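In what follows, a single structure is set out as structure tokens and then discussed.
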Number of protein chains: 2
Amino acid sequence: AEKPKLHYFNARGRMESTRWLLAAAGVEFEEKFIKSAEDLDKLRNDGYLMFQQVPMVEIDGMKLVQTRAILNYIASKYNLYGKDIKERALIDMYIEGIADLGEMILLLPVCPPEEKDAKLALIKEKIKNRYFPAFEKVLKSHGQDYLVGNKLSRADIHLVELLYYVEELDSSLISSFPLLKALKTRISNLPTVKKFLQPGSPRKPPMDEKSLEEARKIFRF
Amino acid sequence: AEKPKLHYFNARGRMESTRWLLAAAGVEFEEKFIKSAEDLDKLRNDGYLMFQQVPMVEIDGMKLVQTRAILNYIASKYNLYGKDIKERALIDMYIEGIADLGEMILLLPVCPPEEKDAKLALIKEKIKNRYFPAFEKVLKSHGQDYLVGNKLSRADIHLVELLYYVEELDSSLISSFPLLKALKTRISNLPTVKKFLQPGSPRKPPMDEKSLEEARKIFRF
Ligand SMILES: N[C@@H](CCC(=O)N[C@@H](CSCc1ccccc1)C(=O)NCC(=O)O)C(=O)O
Ligand SMILES: N[C@@H](CCC(=O)N[C@@H](CSCc1ccccc1)C(=O)NCC(=O)O)C(=O)O
């Protein structure tokens with residue numbers, strides 16, 4: 001209990017951006033998986049989850065419960081949040097555009113089957129016209145290697161993680177965006193991220209039929 | 001252009017928590033309203049909106065675009081974000097539970113009319129069982145006047161703003177939560193917030209038939 005213990009089920013879900021921030025920061029974590037609905041209710045009843053939900057992360061003696069509260073703490077603790085407030089204002093504006101798009105991709109497996117391909121067509125229109133041009137534009141304006149202060153931050157890890165999810169959606173979207181392609185390569189070869197991308201890591205896979213089935217059972221949605 | 005200029009339409013919407021944070025911090029702002037869809041496209045074409053959307057806030061020479069990026073900057077600039085990172089980790093966990101609930105109430109006027117009362121019944125179940133007990137519990141644990149460091153922060157203004165929206169939904173929900181009732185009274189009598197609650201302020205009203213009509217026209221949803 002010096003190693004962060006991330007409480008969640010065995011899936012990408014809402015824990016994955018934390019798994020990537022901690023691993024890129026070189027921190028080693030421990031995971032306690034929720035296998036059943038009763039695993040989640042025990043957690044609730046013991047007073048571990050402030051709003052009855054997970055992600056939950058035991059770190060520095062706190063039972064931290066919200067995604068954005070978990071990430072903001074880790075990003076500050078490990079110097080991945082910029083040097084001053086004008087610098088983390090640019091990081092929050094970029095990474096919140098990334099969480100808007102990321103929420104669309106995250107929830108797409110739960111979409112009503114009629115809607116599913118209309119939603120997917122809308123997510124590809126947003127990537128082409130709105131989100132990727134915006135980020136191509138900040139990398140093109142300063143011509144530096146990193147999104148914000150010519151120093152690695154959480155905006156780069158949160159953006160590259162998303163570029164991996166968009167590549168699984170359709171590997172053709174990124175092709176007209178050369179500076180994003182370059183940033184993906186670059187952050188993917190950093191030793192901490194490279195370790196994480198390798199075959200034995202705590203990194204999780206796409207949601208399939210059986211994970212979504214387990215997710216509906218545990219979280220009763 | 002020393003006064004922040006908040007760009008949005010003339011409604012509560014996603015700008016209202018900024019209107020409350022700035023006003024409680026004693027800052028005076030200016031508002032440029034979007035009246036039409038073309039008012040929004042001019043803004044887009046001039047390169048003011050990074051992801052083609054509003055809220056947008058011109059502050060300290062930045063055209064800041066995301067809600068959480070706007071609020072995090074103002075809250076840091078005006079000392080409303082806690083003293084250290086363990087203190088803003090508690091503020092982010094509390095205020096993100098408040099934004100979950102607040103998103104439900106915000107979007108309720110746009111819900112499909114079949115669904116509307118089932119959604120409203122669900123929001124009242126969440127308030128009674130999940131969100132208000134959680135906050136009653138932190139005020140009861142330390143017995144202090146403020147949610148986080150016995151000093152006013154953004155967690156108190158964001159929570160009281162919500163207690164006003166829940167009171168318009170159903171004035172009976174808060175009654176079994178005495179310490180929240182007390183915090184509402186207390187923050188409402190601070191001179192900056194009191195000024196804002198008074199009849200001539202930049203504070204906005206509930207969404208009605210005609211505001212939602214104007215909102216669908218400007219934002220094409
Ligand atoms: N805003 C919260 C959201 C948390 C949340 O919704 N958690 C879900 C689990 S994450 C849900 C999920 C499942 C499948 C795919 C994506 C997300 C949960 O615990 N549900 C039980 C409850 O509400 O009582 C956060 O970011 O931490
Ligand atoms: N995550 C963004 C969300 C921004 C957003 O959705 N903005 C809307 C305006 S806010 C929408 C709204 C309307 C009525 C009631 C609640 C919210 C917008 O500009 N839409 C145009 C577009 O997407 O191209 C934020 O927090 O800033």
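A note on labels: chains of the structure tokens are A, B, ... as shown, every chain counts residues from 1, and ligands are counted from 1 in their shown order.
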
Around ligand 1, at most 7 Å away and counting only C-alpha atoms and all ligand atoms, which residues are there? Put them as a PDB file with N, CA and C atoms, in the first residue's frame, please.
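Output file part.pdb is given in full below:
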```
ATOM      1  N   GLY A  13     -12.985   0.792 -20.160  1.00  0.00           N
ATOM      2  CA  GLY A  13     -13.932   1.617 -19.415  1.00  0.00           C
ATOM      3  C   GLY A  13     -13.438   3.007 -19.101  1.00  0.00           C
ATOM      4  N   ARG A  14     -13.765   3.439 -17.888  1.00  0.00           N
ATOM      5  CA  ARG A  14     -13.376   4.759 -17.429  1.00  0.00           C
ATOM      6  C   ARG A  14     -12.083   4.765 -16.644  1.00  0.00           C
ATOM      7  N   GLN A  52     -21.111   6.244  -4.595  1.00  0.00           N
ATOM      8  CA  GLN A  52     -21.501   4.868  -4.933  1.00  0.00           C
ATOM      9  C   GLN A  52     -20.965   4.333  -6.254  1.00  0.00           C
ATOM     10  N   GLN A  53     -20.020   5.021  -6.886  1.00  0.00           N
ATOM     11  CA  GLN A  53     -19.496   4.627  -8.176  1.00  0.00           C
ATOM     12  C   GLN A  53     -17.998   4.333  -8.183  1.00  0.00           C
ATOM     13  N   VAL A  54     -17.514   3.663  -9.238  1.00  0.00           N
ATOM     14  CA  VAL A  54     -16.085   3.487  -9.500  1.00  0.00           C
ATOM     15  C   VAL A  54     -15.802   4.092 -10.893  1.00  0.00           C
ATOM     16  N   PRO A  55     -14.645   4.575 -11.397  1.00  0.00           N
ATOM     17  CA  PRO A  55     -13.292   4.493 -10.859  1.00  0.00           C
ATOM     18  C   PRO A  55     -13.106   4.871  -9.418  1.00  0.00           C
ATOM     19  N   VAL A  65     -12.395   9.315  -5.659  1.00  0.00           N
ATOM     20  CA  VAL A  65     -13.360   8.692  -6.511  1.00  0.00           C
ATOM     21  C   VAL A  65     -13.639   9.312  -7.844  1.00  0.00           C
ATOM     22  N   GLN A  66     -13.497  10.561  -8.263  1.00  0.00           N
ATOM     23  CA  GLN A  66     -14.004  10.848  -9.612  1.00  0.00           C
ATOM     24  C   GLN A  66     -12.993  10.740 -10.788  1.00  0.00           C
ATOM     25  N   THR A  67     -13.165  10.254 -12.051  1.00  0.00           N
ATOM     26  CA  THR A  67     -12.113  10.217 -13.091  1.00  0.00           C
ATOM     27  C   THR A  67     -11.279  11.481 -13.142  1.00  0.00           C
ATOM     28  N   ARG A  68     -11.901  12.653 -13.340  1.00  0.00           N
ATOM     29  CA  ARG A  68     -11.154  13.884 -13.437  1.00  0.00           C
ATOM     30  C   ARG A  68     -10.469  14.253 -12.143  1.00  0.00           C
ATOM     31  N   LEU A 106     -16.194   5.824 -26.161  1.00  0.00           N
ATOM     32  CA  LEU A 106     -16.367   4.948 -25.006  1.00  0.00           C
ATOM     33  C   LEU A 106     -17.746   4.340 -24.949  1.00  0.00           C
ATOM     34  N   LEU A 107     -18.760   5.154 -25.212  1.00  0.00           N
ATOM     35  CA  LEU A 107     -20.122   4.690 -25.084  1.00  0.00           C
ATOM     36  C   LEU A 107     -20.708   4.089 -26.332  1.00  0.00           C
ATOM     37  N   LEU A 212     -19.128  -6.315 -22.105  1.00  0.00           N
ATOM     38  CA  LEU A 212     -20.296  -5.463 -21.969  1.00  0.00           C
ATOM     39  C   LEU A 212     -21.385  -6.183 -21.209  1.00  0.00           C
ATOM     40  N   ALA A 215     -20.332  -5.947 -17.664  1.00  0.00           N
ATOM     41  CA  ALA A 215     -20.460  -4.558 -17.255  1.00  0.00           C
ATOM     42  C   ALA A 215     -21.900  -4.223 -16.892  1.00  0.00           C
ATOM     43  N   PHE A 219     -22.772  -3.208 -13.041  1.00  0.00           N
ATOM     44  CA  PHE A 219     -23.270  -1.852 -12.905  1.00  0.00           C
ATOM     45  C   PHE A 219     -24.751  -1.667 -13.164  1.00  0.00           C
TER      46      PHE A 219
ATOM     47  N   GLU B  96     -17.049  17.302  -9.153  1.00  0.00           N
ATOM     48  CA  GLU B  96     -17.355  16.471 -10.305  1.00  0.00           C
ATOM     49  C   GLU B  96     -18.598  15.652 -10.000  1.00  0.00           C
ATOM     50  N   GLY B  97     -18.832  15.230  -8.762  1.00  0.00           N
ATOM     51  CA  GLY B  97     -20.133  14.668  -8.422  1.00  0.00           C
ATOM     52  C   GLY B  97     -21.239  15.709  -8.683  1.00  0.00           C
ATOM     53  N   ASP B 100     -21.967  15.836 -12.403  1.00  0.00           N
ATOM     54  CA  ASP B 100     -22.721  14.695 -12.909  1.00  0.00           C
ATOM     55  C   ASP B 100     -24.188  14.983 -12.766  1.00  0.00           C
TER      56      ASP B 100
END
```

Write out chain B, as a PDB file with C-alpha atoms, in the first residue's frame, after superposing it onto chain A by least squares using every C-alpha atom paired in order.
```pdb
ATOM      1  CA  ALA B   1       0.000   0.000   0.000  1.00  0.00           C
ATOM      2  CA  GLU B   2       2.508   2.356  -1.497  1.00  0.00           C
ATOM      3  CA  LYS B   3       1.441   1.111  -4.910  1.00  0.00           C
ATOM      4  CA  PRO B   4      -1.822   2.868  -5.969  1.00  0.00           C
ATOM      5  CA  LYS B   5      -4.715   0.352  -5.995  1.00  0.00           C
ATOM      6  CA  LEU B   6      -7.103   1.043  -8.829  1.00  0.00           C
ATOM      7  CA  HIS B   7     -10.633  -0.324  -8.126  1.00  0.00           C
ATOM      8  CA  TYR B   8     -12.634  -1.153 -11.302  1.00  0.00           C
ATOM      9  CA  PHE B   9     -13.721  -4.155 -13.424  1.00  0.00           C
ATOM     10  CA  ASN B  10     -11.381  -5.893 -15.867  1.00  0.00           C
ATOM     11  CA  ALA B  11     -11.974  -3.619 -18.813  1.00  0.00           C
ATOM     12  CA  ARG B  12     -10.911  -0.451 -20.600  1.00  0.00           C
ATOM     13  CA  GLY B  13     -13.932   1.617 -19.416  1.00  0.00           C
ATOM     14  CA  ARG B  14     -13.377   4.759 -17.429  1.00  0.00           C
ATOM     15  CA  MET B  15     -10.159   3.535 -15.742  1.00  0.00           C
ATOM     16  CA  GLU B  16      -8.008   3.316 -18.826  1.00  0.00           C
ATOM     17  CA  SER B  17      -6.816   6.950 -19.021  1.00  0.00           C
ATOM     18  CA  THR B  18      -5.517   6.522 -15.420  1.00  0.00           C
ATOM     19  CA  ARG B  19      -3.751   3.295 -16.392  1.00  0.00           C
ATOM     20  CA  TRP B  20      -2.035   5.203 -19.176  1.00  0.00           C
ATOM     21  CA  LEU B  21      -1.164   8.288 -17.080  1.00  0.00           C
ATOM     22  CA  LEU B  22       0.351   6.272 -14.238  1.00  0.00           C
ATOM     23  CA  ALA B  23       2.258   3.940 -16.561  1.00  0.00           C
ATOM     24  CA  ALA B  24       3.667   6.819 -18.655  1.00  0.00           C
ATOM     25  CA  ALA B  25       4.707   8.538 -15.422  1.00  0.00           C
ATOM     26  CA  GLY B  26       6.710   5.368 -14.607  1.00  0.00           C
ATOM     27  CA  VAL B  27       4.604   4.502 -11.549  1.00  0.00           C
ATOM     28  CA  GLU B  28       3.779   0.881 -10.731  1.00  0.00           C
ATOM     29  CA  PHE B  29       0.181   0.212  -9.678  1.00  0.00           C
ATOM     30  CA  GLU B  30      -1.884  -2.650  -8.298  1.00  0.00           C
ATOM     31  CA  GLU B  31      -5.479  -3.432  -9.499  1.00  0.00           C
ATOM     32  CA  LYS B  32      -8.338  -4.956  -7.430  1.00  0.00           C
ATOM     33  CA  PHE B  33     -10.970  -6.187  -9.935  1.00  0.00           C
ATOM     34  CA  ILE B  34     -14.693  -6.087  -9.371  1.00  0.00           C
ATOM     35  CA  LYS B  35     -16.014  -9.402 -10.619  1.00  0.00           C
ATOM     36  CA  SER B  36     -19.663  -9.127  -9.576  1.00  0.00           C
ATOM     37  CA  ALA B  37     -22.401  -6.734  -8.521  1.00  0.00           C
ATOM     38  CA  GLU B  38     -21.788  -7.897  -4.932  1.00  0.00           C
ATOM     39  CA  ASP B  39     -18.132  -6.962  -5.243  1.00  0.00           C
ATOM     40  CA  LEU B  40     -19.361  -3.435  -5.968  1.00  0.00           C
ATOM     41  CA  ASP B  41     -21.901  -3.377  -3.132  1.00  0.00           C
ATOM     42  CA  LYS B  42     -19.295  -4.501  -0.564  1.00  0.00           C
ATOM     43  CA  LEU B  43     -17.195  -1.556  -1.689  1.00  0.00           C
ATOM     44  CA  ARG B  44     -20.193   0.778  -1.288  1.00  0.00           C
ATOM     45  CA  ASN B  45     -21.201  -0.439   2.128  1.00  0.00           C
ATOM     46  CA  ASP B  46     -17.647  -0.137   3.512  1.00  0.00           C
ATOM     47  CA  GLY B  47     -17.776   3.627   2.719  1.00  0.00           C
ATOM     48  CA  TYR B  48     -15.091   3.546  -0.005  1.00  0.00           C
ATOM     49  CA  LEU B  49     -17.048   5.115  -2.863  1.00  0.00           C
ATOM     50  CA  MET B  50     -18.290   8.700  -2.104  1.00  0.00           C
ATOM     51  CA  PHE B  51     -20.954   8.711  -4.791  1.00  0.00           C
ATOM     52  CA  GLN B  52     -21.501   4.868  -4.933  1.00  0.00           C
ATOM     53  CA  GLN B  53     -19.496   4.627  -8.176  1.00  0.00           C
ATOM     54  CA  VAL B  54     -16.085   3.487  -9.500  1.00  0.00           C
ATOM     55  CA  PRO B  55     -13.292   4.493 -10.859  1.00  0.00           C
ATOM     56  CA  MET B  56     -11.873   4.666  -7.337  1.00  0.00           C
ATOM     57  CA  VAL B  57      -8.123   4.925  -6.626  1.00  0.00           C
ATOM     58  CA  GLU B  58      -6.425   4.462  -3.248  1.00  0.00           C
ATOM     59  CA  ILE B  59      -3.475   6.879  -3.510  1.00  0.00           C
ATOM     60  CA  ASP B  60      -1.608   8.827  -0.800  1.00  0.00           C
ATOM     61  CA  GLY B  61      -4.036   7.734   1.820  1.00  0.00           C
ATOM     62  CA  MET B  62      -7.116   8.960  -0.021  1.00  0.00           C
ATOM     63  CA  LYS B  63      -9.943   6.915  -1.513  1.00  0.00           C
ATOM     64  CA  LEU B  64     -10.198   9.221  -4.569  1.00  0.00           C
ATOM     65  CA  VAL B  65     -13.359   8.693  -6.511  1.00  0.00           C
ATOM     66  CA  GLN B  66     -14.005  10.849  -9.612  1.00  0.00           C
ATOM     67  CA  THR B  67     -12.113  10.217 -13.091  1.00  0.00           C
ATOM     68  CA  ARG B  68     -11.154  13.884 -13.437  1.00  0.00           C
ATOM     69  CA  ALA B  69     -10.216  14.152  -9.749  1.00  0.00           C
ATOM     70  CA  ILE B  70      -7.987  11.004 -10.002  1.00  0.00           C
ATOM     71  CA  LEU B  71      -6.199  12.238 -13.175  1.00  0.00           C
ATOM     72  CA  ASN B  72      -5.746  15.820 -11.986  1.00  0.00           C
ATOM     73  CA  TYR B  73      -4.001  14.600  -8.792  1.00  0.00           C
ATOM     74  CA  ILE B  74      -1.671  12.105 -10.514  1.00  0.00           C
ATOM     75  CA  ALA B  75      -0.883  14.637 -13.258  1.00  0.00           C
ATOM     76  CA  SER B  76       0.080  17.235 -10.599  1.00  0.00           C
ATOM     77  CA  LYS B  77       1.950  14.821  -8.366  1.00  0.00           C
ATOM     78  CA  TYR B  78       4.172  13.629 -11.220  1.00  0.00           C
ATOM     79  CA  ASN B  79       4.804  16.975 -12.942  1.00  0.00           C
ATOM     80  CA  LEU B  80       2.695  16.240 -15.984  1.00  0.00           C
ATOM     81  CA  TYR B  81       0.394  19.306 -15.652  1.00  0.00           C
ATOM     82  CA  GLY B  82       2.427  22.301 -16.971  1.00  0.00           C
ATOM     83  CA  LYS B  83       4.519  24.829 -15.049  1.00  0.00           C
ATOM     84  CA  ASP B  84       1.997  27.598 -14.252  1.00  0.00           C
ATOM     85  CA  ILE B  85      -1.767  28.355 -14.556  1.00  0.00           C
ATOM     86  CA  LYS B  86      -1.655  29.811 -18.016  1.00  0.00           C
ATOM     87  CA  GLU B  87       0.118  26.586 -19.049  1.00  0.00           C
ATOM     88  CA  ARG B  88      -2.397  24.234 -17.390  1.00  0.00           C
ATOM     89  CA  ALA B  89      -5.253  26.372 -18.900  1.00  0.00           C
ATOM     90  CA  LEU B  90      -4.055  25.307 -22.347  1.00  0.00           C
ATOM     91  CA  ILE B  91      -3.651  21.684 -21.106  1.00  0.00           C
ATOM     92  CA  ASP B  92      -7.290  21.642 -19.680  1.00  0.00           C
ATOM     93  CA  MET B  93      -8.774  23.125 -22.892  1.00  0.00           C
ATOM     94  CA  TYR B  94      -6.980  20.525 -25.076  1.00  0.00           C
ATOM     95  CA  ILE B  95      -7.641  17.499 -22.858  1.00  0.00           C
ATOM     96  CA  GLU B  96     -11.306  18.379 -22.390  1.00  0.00           C
ATOM     97  CA  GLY B  97     -11.810  18.420 -26.166  1.00  0.00           C
ATOM     98  CA  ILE B  98     -10.139  14.952 -26.062  1.00  0.00           C
ATOM     99  CA  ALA B  99     -12.561  13.796 -23.306  1.00  0.00           C
ATOM    100  CA  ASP B 100     -15.601  14.986 -25.352  1.00  0.00           C
ATOM    101  CA  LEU B 101     -14.571  12.815 -28.308  1.00  0.00           C
ATOM    102  CA  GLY B 102     -13.399  10.034 -26.052  1.00  0.00           C
ATOM    103  CA  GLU B 103     -16.807   9.851 -24.355  1.00  0.00           C
ATOM    104  CA  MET B 104     -18.411   9.264 -27.771  1.00  0.00           C
ATOM    105  CA  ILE B 105     -16.064   6.353 -28.580  1.00  0.00           C
ATOM    106  CA  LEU B 106     -16.367   4.948 -25.006  1.00  0.00           C
ATOM    107  CA  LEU B 107     -20.122   4.690 -25.083  1.00  0.00           C
ATOM    108  CA  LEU B 108     -20.502   3.567 -28.707  1.00  0.00           C
ATOM    109  CA  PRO B 109     -20.769  -0.213 -27.758  1.00  0.00           C
ATOM    110  CA  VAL B 110     -23.744   0.600 -25.543  1.00  0.00           C
ATOM    111  CA  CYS B 111     -25.617   2.471 -28.339  1.00  0.00           C
ATOM    112  CA  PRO B 112     -29.092   1.162 -29.484  1.00  0.00           C
ATOM    113  CA  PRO B 113     -28.326  -1.068 -32.543  1.00  0.00           C
ATOM    114  CA  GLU B 114     -30.478   1.096 -34.878  1.00  0.00           C
ATOM    115  CA  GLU B 115     -28.433   4.166 -33.882  1.00  0.00           C
ATOM    116  CA  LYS B 116     -24.978   2.526 -33.803  1.00  0.00           C
ATOM    117  CA  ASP B 117     -23.830   3.265 -37.387  1.00  0.00           C
ATOM    118  CA  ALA B 118     -25.325   6.741 -37.434  1.00  0.00           C
ATOM    119  CA  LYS B 119     -23.403   7.508 -34.230  1.00  0.00           C
ATOM    120  CA  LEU B 120     -20.228   5.996 -35.694  1.00  0.00           C
ATOM    121  CA  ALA B 121     -20.646   8.105 -38.843  1.00  0.00           C
ATOM    122  CA  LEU B 122     -21.012  11.166 -36.642  1.00  0.00           C
ATOM    123  CA  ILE B 123     -17.862  10.308 -34.632  1.00  0.00           C
ATOM    124  CA  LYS B 124     -15.859  10.031 -37.903  1.00  0.00           C
ATOM    125  CA  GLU B 125     -17.185  13.446 -39.067  1.00  0.00           C
ATOM    126  CA  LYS B 126     -16.158  15.035 -35.721  1.00  0.00           C
ATOM    127  CA  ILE B 127     -12.627  13.495 -35.940  1.00  0.00           C
ATOM    128  CA  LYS B 128     -12.046  14.750 -39.494  1.00  0.00           C
ATOM    129  CA  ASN B 129     -13.520  18.221 -39.190  1.00  0.00           C
ATOM    130  CA  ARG B 130     -13.304  19.204 -35.536  1.00  0.00           C
ATOM    131  CA  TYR B 131     -10.903  17.377 -33.238  1.00  0.00           C
ATOM    132  CA  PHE B 132      -7.900  16.298 -35.350  1.00  0.00           C
ATOM    133  CA  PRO B 133      -7.575  19.608 -37.321  1.00  0.00           C
ATOM    134  CA  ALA B 134      -7.563  21.494 -33.993  1.00  0.00           C
ATOM    135  CA  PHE B 135      -4.623  19.505 -32.652  1.00  0.00           C
ATOM    136  CA  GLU B 136      -2.789  19.443 -36.026  1.00  0.00           C
ATOM    137  CA  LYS B 137      -3.103  23.211 -35.786  1.00  0.00           C
ATOM    138  CA  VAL B 138      -1.423  23.601 -32.310  1.00  0.00           C
ATOM    139  CA  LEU B 139       1.446  21.244 -33.278  1.00  0.00           C
ATOM    140  CA  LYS B 140       1.864  23.189 -36.506  1.00  0.00           C
ATOM    141  CA  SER B 141       1.827  26.621 -34.784  1.00  0.00           C
ATOM    142  CA  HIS B 142       4.817  26.124 -32.492  1.00  0.00           C
ATOM    143  CA  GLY B 143       6.468  23.331 -34.496  1.00  0.00           C
ATOM    144  CA  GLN B 144       7.642  21.755 -31.233  1.00  0.00           C
ATOM    145  CA  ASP B 145       7.553  18.148 -30.126  1.00  0.00           C
ATOM    146  CA  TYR B 146       4.977  18.509 -27.431  1.00  0.00           C
ATOM    147  CA  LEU B 147       1.491  19.913 -27.291  1.00  0.00           C
ATOM    148  CA  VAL B 148       2.083  22.464 -24.528  1.00  0.00           C
ATOM    149  CA  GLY B 149       5.394  23.667 -23.042  1.00  0.00           C
ATOM    150  CA  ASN B 150       7.974  21.809 -25.210  1.00  0.00           C
ATOM    151  CA  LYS B 151       7.980  19.429 -22.255  1.00  0.00           C
ATOM    152  CA  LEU B 152       5.860  16.168 -22.001  1.00  0.00           C
ATOM    153  CA  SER B 153       2.560  16.579 -20.215  1.00  0.00           C
ATOM    154  CA  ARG B 154      -0.715  14.794 -19.710  1.00  0.00           C
ATOM    155  CA  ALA B 155      -2.102  16.475 -22.882  1.00  0.00           C
ATOM    156  CA  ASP B 156       0.264  14.303 -24.996  1.00  0.00           C
ATOM    157  CA  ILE B 157      -0.455  10.996 -23.254  1.00  0.00           C
ATOM    158  CA  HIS B 158      -4.242  11.645 -23.255  1.00  0.00           C
ATOM    159  CA  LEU B 159      -4.079  12.616 -26.959  1.00  0.00           C
ATOM    160  CA  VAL B 160      -1.920   9.580 -28.055  1.00  0.00           C
ATOM    161  CA  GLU B 161      -4.145   7.142 -26.122  1.00  0.00           C
ATOM    162  CA  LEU B 162      -7.067   8.526 -28.122  1.00  0.00           C
ATOM    163  CA  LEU B 163      -5.108   8.211 -31.430  1.00  0.00           C
ATOM    164  CA  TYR B 164      -4.761   4.509 -30.628  1.00  0.00           C
ATOM    165  CA  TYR B 165      -8.561   4.248 -30.109  1.00  0.00           C
ATOM    166  CA  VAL B 166      -9.278   6.095 -33.326  1.00  0.00           C
ATOM    167  CA  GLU B 167      -6.873   3.820 -35.180  1.00  0.00           C
ATOM    168  CA  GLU B 168      -8.890   0.775 -34.078  1.00  0.00           C
ATOM    169  CA  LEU B 169     -12.034   2.552 -35.251  1.00  0.00           C
ATOM    170  CA  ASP B 170     -10.650   3.341 -38.690  1.00  0.00           C
ATOM    171  CA  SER B 171      -6.955   3.437 -39.456  1.00  0.00           C
ATOM    172  CA  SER B 172      -7.563   5.843 -42.377  1.00  0.00           C
ATOM    173  CA  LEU B 173      -8.649   8.973 -40.390  1.00  0.00           C
ATOM    174  CA  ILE B 174      -5.212  10.065 -39.134  1.00  0.00           C
ATOM    175  CA  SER B 175      -3.502   9.827 -42.563  1.00  0.00           C
ATOM    176  CA  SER B 176      -4.125  13.446 -43.577  1.00  0.00           C
ATOM    177  CA  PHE B 177      -2.753  14.657 -40.254  1.00  0.00           C
ATOM    178  CA  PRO B 178       1.052  14.214 -40.417  1.00  0.00           C
ATOM    179  CA  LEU B 179       2.094  16.044 -37.201  1.00  0.00           C
ATOM    180  CA  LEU B 180      -0.355  13.895 -35.140  1.00  0.00           C
ATOM    181  CA  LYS B 181       1.052  10.768 -36.808  1.00  0.00           C
ATOM    182  CA  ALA B 182       4.486  12.000 -35.752  1.00  0.00           C
ATOM    183  CA  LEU B 183       3.447  12.686 -32.137  1.00  0.00           C
ATOM    184  CA  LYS B 184       1.895   9.209 -31.880  1.00  0.00           C
ATOM    185  CA  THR B 185       5.214   7.655 -32.987  1.00  0.00           C
ATOM    186  CA  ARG B 186       7.268   9.830 -30.694  1.00  0.00           C
ATOM    187  CA  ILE B 187       5.277   9.298 -27.466  1.00  0.00           C
ATOM    188  CA  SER B 188       4.980   5.591 -28.306  1.00  0.00           C
ATOM    189  CA  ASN B 189       8.760   5.183 -28.207  1.00  0.00           C
ATOM    190  CA  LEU B 190       9.308   6.878 -24.820  1.00  0.00           C
ATOM    191  CA  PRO B 191      10.541   4.025 -22.494  1.00  0.00           C
ATOM    192  CA  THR B 192       7.612   4.248 -20.056  1.00  0.00           C
ATOM    193  CA  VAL B 193       4.906   4.324 -22.706  1.00  0.00           C
ATOM    194  CA  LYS B 194       6.763   1.659 -24.836  1.00  0.00           C
ATOM    195  CA  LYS B 195       6.825  -0.667 -21.823  1.00  0.00           C
ATOM    196  CA  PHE B 196       3.047  -0.168 -21.511  1.00  0.00           C
ATOM    197  CA  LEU B 197       2.352  -0.836 -25.209  1.00  0.00           C
ATOM    198  CA  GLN B 198       4.313  -4.122 -25.037  1.00  0.00           C
ATOM    199  CA  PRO B 199       2.537  -7.513 -24.680  1.00  0.00           C
ATOM    200  CA  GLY B 200       2.463  -8.124 -20.893  1.00  0.00           C
ATOM    201  CA  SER B 201       1.197  -4.770 -19.573  1.00  0.00           C
ATOM    202  CA  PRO B 202      -1.828  -3.698 -17.412  1.00  0.00           C
ATOM    203  CA  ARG B 203      -3.214  -2.154 -20.607  1.00  0.00           C
ATOM    204  CA  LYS B 204      -6.692  -3.341 -21.532  1.00  0.00           C
ATOM    205  CA  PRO B 205      -8.339  -4.437 -24.839  1.00  0.00           C
ATOM    206  CA  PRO B 206     -11.510  -3.381 -26.779  1.00  0.00           C
ATOM    207  CA  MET B 207     -14.941  -4.071 -25.226  1.00  0.00           C
ATOM    208  CA  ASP B 208     -16.491  -7.202 -26.620  1.00  0.00           C
ATOM    209  CA  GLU B 209     -19.825  -8.970 -26.228  1.00  0.00           C
ATOM    210  CA  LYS B 210     -18.773 -10.621 -22.993  1.00  0.00           C
ATOM    211  CA  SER B 211     -17.181  -7.582 -21.297  1.00  0.00           C
ATOM    212  CA  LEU B 212     -20.296  -5.463 -21.970  1.00  0.00           C
ATOM    213  CA  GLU B 213     -22.359  -8.343 -20.595  1.00  0.00           C
ATOM    214  CA  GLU B 214     -20.254  -8.387 -17.388  1.00  0.00           C
ATOM    215  CA  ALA B 215     -20.460  -4.558 -17.255  1.00  0.00           C
ATOM    216  CA  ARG B 216     -24.275  -4.539 -17.385  1.00  0.00           C
ATOM    217  CA  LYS B 217     -24.381  -7.148 -14.624  1.00  0.00           C
ATOM    218  CA  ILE B 218     -22.043  -5.388 -12.217  1.00  0.00           C
ATOM    219  CA  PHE B 219     -23.270  -1.852 -12.905  1.00  0.00           C
ATOM    220  CA  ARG B 220     -26.937  -2.780 -13.519  1.00  0.00           C
ATOM    221  CA  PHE B 221     -27.274  -0.512 -16.576  1.00  0.00           C
TER     222      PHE B 221
END
```

From a DSSP calculation on the backbone, collect every residue of range 32-171 of chain B in strand (DSSP E) and output the set as a PDB file with C-alpha atoms, in the first residue's frame.
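selection.pdb, freshly written:
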```
ATOM      1  CA  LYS B  32     -21.456  39.235 -25.864  1.00  0.00           C
ATOM      2  CA  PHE B  33     -24.674  37.335 -26.732  1.00  0.00           C
ATOM      3  CA  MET B  56     -15.854  30.717 -24.787  1.00  0.00           C
ATOM      4  CA  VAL B  57     -14.292  33.298 -22.433  1.00  0.00           C
ATOM      5  CA  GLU B  58     -11.795  36.010 -23.390  1.00  0.00           C
ATOM      6  CA  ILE B  59      -9.686  36.295 -20.215  1.00  0.00           C
ATOM      7  CA  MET B  62      -6.685  33.881 -24.078  1.00  0.00           C
ATOM      8  CA  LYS B  63      -9.767  32.765 -25.990  1.00  0.00           C
ATOM      9  CA  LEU B  64     -10.475  29.937 -23.495  1.00  0.00           C
TER      10      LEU B  64
END
```

| task | Check range 45-151 of chain B with DSSP on the backbone and list each residue it calls helix (DSSP H, G or I), as a ChimeraX atom specification. | result | /B:45,67-77,85-110,116-142
